[PDB]
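Notes follow once the structure below has been shown.
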Amino acid sequence: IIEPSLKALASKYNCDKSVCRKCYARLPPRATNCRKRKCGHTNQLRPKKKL
Amino acid sequence: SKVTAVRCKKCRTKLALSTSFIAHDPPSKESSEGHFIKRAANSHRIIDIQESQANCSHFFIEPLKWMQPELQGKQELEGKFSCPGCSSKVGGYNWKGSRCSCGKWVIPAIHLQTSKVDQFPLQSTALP
Amino acid sequence: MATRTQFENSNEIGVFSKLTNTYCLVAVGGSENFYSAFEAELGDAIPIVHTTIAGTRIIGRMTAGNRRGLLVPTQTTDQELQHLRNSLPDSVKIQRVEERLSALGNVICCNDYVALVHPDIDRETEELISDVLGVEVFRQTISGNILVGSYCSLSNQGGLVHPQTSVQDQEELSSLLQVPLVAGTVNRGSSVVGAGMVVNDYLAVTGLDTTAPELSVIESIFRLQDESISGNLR
Amino acid sequence: XXXXXXXXXXXXXXXXXXXXXXXXXXXXXXXXXXXXXXXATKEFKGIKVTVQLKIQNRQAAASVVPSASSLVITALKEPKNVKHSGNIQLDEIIXXXXXXXXXXXXXXXXXXXXXXXXXXXXXXXXXXXXXXXXXXXXXXXXXXXXX
Amino acid sequence: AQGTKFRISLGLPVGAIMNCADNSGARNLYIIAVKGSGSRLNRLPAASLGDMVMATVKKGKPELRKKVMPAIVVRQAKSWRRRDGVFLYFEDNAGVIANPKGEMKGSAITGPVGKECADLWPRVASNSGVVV
RNA sequence: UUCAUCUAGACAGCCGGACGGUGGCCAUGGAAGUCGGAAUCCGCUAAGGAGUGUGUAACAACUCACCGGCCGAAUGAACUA
């Protein structure tokens, strides 16, 4: 009932993100470093967990 | 035995009679279908095991006459419906599955939850 | 016939409402969903009157009445009195009653023909109950309880009584009331059966937590129960 | 009117399959739809895959088996993992069978259609010992005859 | 789980022994705590008419004794203001024991019952003979 | 500081095609290249895997390995303070 053409439209903004391990921020998926300054611009990034 | 009737609670309408009921009675009880398996994102990782409930909490009935205005108008792959006079969530239609709380699978189901509807006998009084 | 609904979030209905043959009274502070259960099934047959008695919302337990008459306690204000006499028809008689036993609904259980009253009610009252309602007045207690109103629901067809009652005591009440009597529970086993539900000839409303074995027993003694749209079109 | 086509996969004795999911948007059918399947899969095994497509208009039945797929090589035999890995004397029978398959193969004659049909049967023993790879690498029978 | 009630005067602190109105064997109640009370240094939490209080039975049948079980206050000796204007007060304190849902174990209540206790709790209003 | 790609057309992106036997076959409510275990074949070929991935109830849709053009001079890695 979600009509998965729209779910793939919805998953880009919510699900297809990368998470910093330190500061838990919601980062773009192909980014290398965290944009937040409080964690020292780290390169220790993990994917967001899929449902 | 005698015929039975399913009346809606707070609507008081006979939603479905007997000569119905694809009841599918025995569960599977083996490890893959009697158990509820909750997988993870990758590599078929099992995180949760849920044991099935005792009794199947639904009523699997044929497509009836009063569902015809809901089934034809905006036909989709899943949804719900109501009593025809109180508009409360009584049962849903699913062409997929939704086994039972107790679990097998069925065919496409018209699942009618045994909460907020009850089962009566259509015959005369018991006279206790 | 046999409907189930609840006031704001409480299961009991006879506390908050009074159902008779010719009229019906409801408490004021309710949702539209509570009122729709009475408005749909009664329709325009009998008037559903919003009111309060003595500054409360428990008008089922405070008032007592039948087809022909309505009794209100002394603490009823005169503004609440005139609101009743306007909306209710000309046939019903409305009388304020001077009691030491203030709550009239717990004291008096009655219908078209036979009334049961609390045994410590006085003699000058017993004339006024017979004069207003037009009903013969009997003093008796259901097996352990003096409060015949809360523990005995009654109507023209039959009567649902307190569960802890011996069969020989149910026989002696059946002779006096001239109707068959059934012990039962309401609202998943509450002994308060007079306030757990209301009933008349056409309708019997109960709480939501009444299970279906309890509701089957209720509809049987009241004999209210009795289809083309259901069918198989595959 | 309207012309619509859907496809049905596998099933031996009786199966709702694709139609139940696809029968939702269409006219609802339970007894007749499996019966229309039962007309098609008659004299076909239940263990084997059977591929069909049914075109209906106002509760119509269409029974066909296209057999461009592995249905042909599965058709000739007598029936953890029930293996299909058997030996068959394909060469004379498969040459008639591949010509049943090669209605378009979109190639040249039966020689190019014999090099693909035997490769579809990646399980069966075929002609004598091996009927696959190096054994069915060269085919010196039928060939120009079916042309 | 407590419904809305207009404020009345607080007249039963912790330590009070009120009478037991119903007929479930008990003769008095020892209030230990009041549901929904506030917090302030050195302040005893107090009961009122209509509040649901935790109480132990000191005198009665030994089945009821020595266990904490909640209770509903049905009379109050402290005078209080009603909004229509009058100040009224009963002769003694009283309570009925109840399960934590709010259903009542007692079959009937002797003596008068406070009117604000009746509207707040339906099961009290079922068993009550006299409501003020 | 040290290595490596590069006008013999690089990295980045864009622009085409991604086909036939193909829902292959056991696997079970349903798995069609993608939950997976063992197999890894042919044809059309400039080139294209019984399939690197996203995704789908099951397909799809997209993307990649691969195939050929355009855009046109800089690009990549490991470190040190």
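Don't overthink the numbers, they just go from 1 along the chain as shown.
Header says: electron microscopy, 3.8 Å.
The backbone N, Cα and C atoms fix where each Cβ goes, and this holds for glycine too.
When the residues C:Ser87, C:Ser190, C:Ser228 are compared with Swiss-Prot, the one annotated as phosphoserine is C:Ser228. C:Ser228 (phosphoserine) falls outside any helix or strand according to DSSP and counts as coil. Distance noted between the C-alpha atoms of C:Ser228 (phosphoserine) and C:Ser174 (phosphoserine) is 39 Å. Classification of C:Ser175 (phosphoserine) by DSSP places it within a helix.
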